[PDB]
Every structure is written in C-alpha cells, then in structure tokens.
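> how would this look folded up:
(one chain, ligands or ions: 1)
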Amino acid sequence: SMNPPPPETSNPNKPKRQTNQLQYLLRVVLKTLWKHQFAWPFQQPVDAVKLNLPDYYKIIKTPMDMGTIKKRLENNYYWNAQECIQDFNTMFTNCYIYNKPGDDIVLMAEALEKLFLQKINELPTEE
Ligand SMILES: CCc1c(C(=O)Nc2cc(S(=O)(=O)N(CC)CC)c(C)cc2O)[nH]c(C)c1C(C)=O
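Numbers count the residues shown, from 1 in each chain. Take a look at the structure below.
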C-alpha cells in the first residue's frame, strides 16, 4: 500500500486557546526533544514506502510523530495538554510495538522518552 496521509494538524472547527501548559509543551518540551541527536527519525511520519517497510501501517494504525505534534501545537489543535502528551506517548509506544527490542530505533526512542518524562514533570501550573 501507499503511505497514509499524515495526521490532521489544523481543524478550523475546533475551538482555540492558549494556556501556560500548551505554550510550555511547544517552547520547552517539543523544542528540546526536536534538537536531540536522536530526534531525526521522529521528526516526520514514517515513510514506509521509501523505507521498504510494507507492514508498518498494517501494524501501526495510530501513527504519530513530532513534526505532526509541532504543527498541532502551532495550529491550536489541542485544547488540553493531555491531548498533546497522549500524542507523544503514542509515538513512543508505536516504536515499541513495531520494532524488535534492542534495535537502535528503540534505544533512540527510550532516550527521547526519558527526556520527555523529565520535561513533563516540570509542567507549569494549570489556570
Ligand atoms: C526504522 C524506521 C523508522 C524511522 C525512520 O525515520 N527511519 C529512517 C529515516 C531516514 S530518512 O528520514 O533520512 N529518510 C530519507 C529522507 C526517509 C526515507 C533514513 C535515511 C533511514 C531511516 O531508518 N522512524 C521511526 C519511528 C521508524 C520505526 C519503524 O519505528
């Protein structure tokens, strides 16, 4: 099969707000992970056609990646911070589901998740 379209990132029928937690998720959390030496495989959707991974989208039906999360934040897609945290968690579990343990991609995902969890523990106070 061809790749699926990427996840939706801007929905004009969704309400929009700025919150301290959402701003922190973009400016501190996403920004910090994005610049990590292991971020690159997670900066865009998996191109399963070009990577010749024909079963990727047979196994992974809720794909997610940081490029998508960044666009969601930039376009006010999320109302609650948990929606964003959930997308990060989906990205990491997809990696753990599809890949064999001990693969480099898994070790990279683990390092990113550790950094993510550290940053998530310092979320600012809710309004
Ligand atoms: C291992 C596949 C994968 C990636 C990934 O992105 N791998 C990848 C990307 C590129 S590439 O992005 O540079 N590239 C050239 C533009 C794509 C064709 C190259 C050159 C080699 C790679 O192994 N990410 C995730 C989450 C996964 C899995 C299955 O969990």
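> I am assuming residue 53 contacts residue 46, so please confirm or correct that.
Yes - using CB atoms under 8 Å, residue 53 is in contact with residue 46, at 7.0 Å. The way it works is simple: take the backbone N, C-alpha and C, and place the C-beta from them, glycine included.
> Neighbour count: these two, which is higher?
Counted by other CB atoms under 10 Å, residue 53 and residue 46 do not tie: residue 46 has more neighbours, with 21 against 15.
> Excluding chain neighbours, what is closest to residue 113?
Counting by CB to CB, 6 or more residues apart in numbering, residue 113 lies nearest to residue 92, which is 4.8 Å off, once chain neighbours are set aside.
> should've said residue 119
Residue 119 sits nearest to residue 29 (CB to CB, 6+ apart), 4.6 Å away.
> that older thread, list the contacts for the residue nearest to residue 113?
109, 112-113, 116 (CB atoms under 8 Å, 6 or more residues apart in numbering).
> Tell me how many other residues surround residue 4.
12.
> Number of residues surrounding residue 9?
So residue 9, with other CB under 10 Å, has 15 neighbours.
> All the helices of this structure, in order from the start?
With DSSP state H, the ranges of helices along the chain come out as 20-24, 31-34, 56-59, 66-74, 81-98, 104-120.
> Tabulate those (a markdown table), appending distance to the ligand.
Listed next are the helices of the chain as a markdown table, based on distance: least, CB to the nearest ligand atom, whole Å:
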| stretch | distance to the ligand |
| --- | --- |
| helix 20-24 | 24 |
| helix 31-34 | 13 |
| helix 56-59 | 6 |
| helix 66-74 | 10 |
| helix 81-98 | 4 |
| helix 104-120 | 5 |
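> out of those, deepest packed?
Stretch with highest mean neighbour count among the helices of the chain: helix 66-74 (a mean of 19; mean count of other CB atoms under 10 Å).
> now the angle from that helix to helix 81-98?
Helix 66-74 runs at 170 degrees relative to helix 81-98, counting by axes from the mean of the first three to the mean of the last three CA atoms, to 10 degrees.
> Report all helices and strands that helix 66-74 contacts.
helix 31-34, helix 81-98 (3 or more CB pairs under 8 Å, 6 or more residues apart in numbering; DSSP states H and E).
> Alright, I will stop here.
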